[PDB]
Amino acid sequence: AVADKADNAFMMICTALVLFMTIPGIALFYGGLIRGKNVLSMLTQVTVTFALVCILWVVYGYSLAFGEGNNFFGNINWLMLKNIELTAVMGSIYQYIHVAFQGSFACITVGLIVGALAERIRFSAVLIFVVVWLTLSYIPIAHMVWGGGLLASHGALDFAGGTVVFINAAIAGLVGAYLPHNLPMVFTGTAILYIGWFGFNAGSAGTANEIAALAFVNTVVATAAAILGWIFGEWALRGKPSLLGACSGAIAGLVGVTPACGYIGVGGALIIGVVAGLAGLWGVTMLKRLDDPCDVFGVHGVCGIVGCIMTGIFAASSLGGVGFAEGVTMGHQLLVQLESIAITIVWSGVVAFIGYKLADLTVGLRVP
């Protein structure tokens, strides 16, 4: 197996774009939503936990997520990338690039949680939580879905992380919750998220081929459709569109197309986008009957679930998708999508609860 330089180039740039989603994307997104007096602290927690995740990833995370192990985790053979030769190839790129690309997904996932909960959680408590939850939730679930584990070996479809990233983070954040002064800044973060998301979705093909291209176009289309879907629902329910509605719409479509983007046709991307924008609206509306920043987990959670379900529909050849695996009916894919979603919800929740409680028992959770 030889590395293709075009894929290497593509995937390093894609990694830079996913890192850009956290630093500064998600930080500016939450920075505009949360209370002014809490912005500096939130930006500090996002920056430090990001650093933390980068280090844990290289030390053991990548190895435990992508080494070969069992159905649930990999191994410790790649501690500090030990035994990965510089010229080792994975797919059609150098494995070092795979390490960085995958680590960038871990970072955005943690960013989604910390940016929202930063306001309410002690600093040392967030560090502890991030260590427990990245290690016992993000990593096994990344392993199950993308590392040849349980869900993969049953043919779950999740191109860029509807489960691993969004449902996973939404549940961890909502357990957290259970336990806007600057809209131009919200818009800027949304914009940075949108752009970085082309690396997230297209780079998820692992190569600059026709699947990256499909994912790119489906990203443009689902995002746009979700913006219109959300804005129309807002105009119908609230009388007029709003900037926050526009940005929330964009996030709803981005998140909804995430598991599907590399499997569906542009027709499907359009339908998924409209449904995700409306379901996102319905979702935050319901969450707002329990404020602001954690309602965002209503978008990530509901849109992730919807997107995951609808991947199992729109991948079908007859609906313009790339087609299910041989011998797989749409019914079977649906069942497998639902099982993947349930395992993620339950796995992430249990580990989140343990994470928050461990922190609470060591340093105390609620910021003093």
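Start at 1 with the first residue shown and count on from there.
Going from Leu179 to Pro180, you skip over 10 or more residues of the deposited sequence that the entry leaves unmodelled. In this entry, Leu290 and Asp291 are separated by 1 to 3 residues of the deposited sequence that lack coordinates.
Across the two stretches, 161-169 and 281-289, the PDB entry reports the greater mean Cα temperature factor for 281-289.
As listed in the deposited structure, the average C-alpha B-factor of 291-299 and of 190-198 is greater for 291-299. Ranked by Cα temperature factor within the chain, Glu234 sits in the lowest third according to the deposited record.
Per the PDB record, residue ranking by Cα B-factor puts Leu358 in the highest third of the chain. Among the modelled residues of the chain, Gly321 sits in the middle third by CA temperature factor in this PDB entry. Annotation for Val131: C-alpha temperature factor in the middle third relative to the rest of the modelled chain, per the entry. Ranked by C-alpha B-factor against the other modelled residues of its chain, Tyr138 falls in the middle third.
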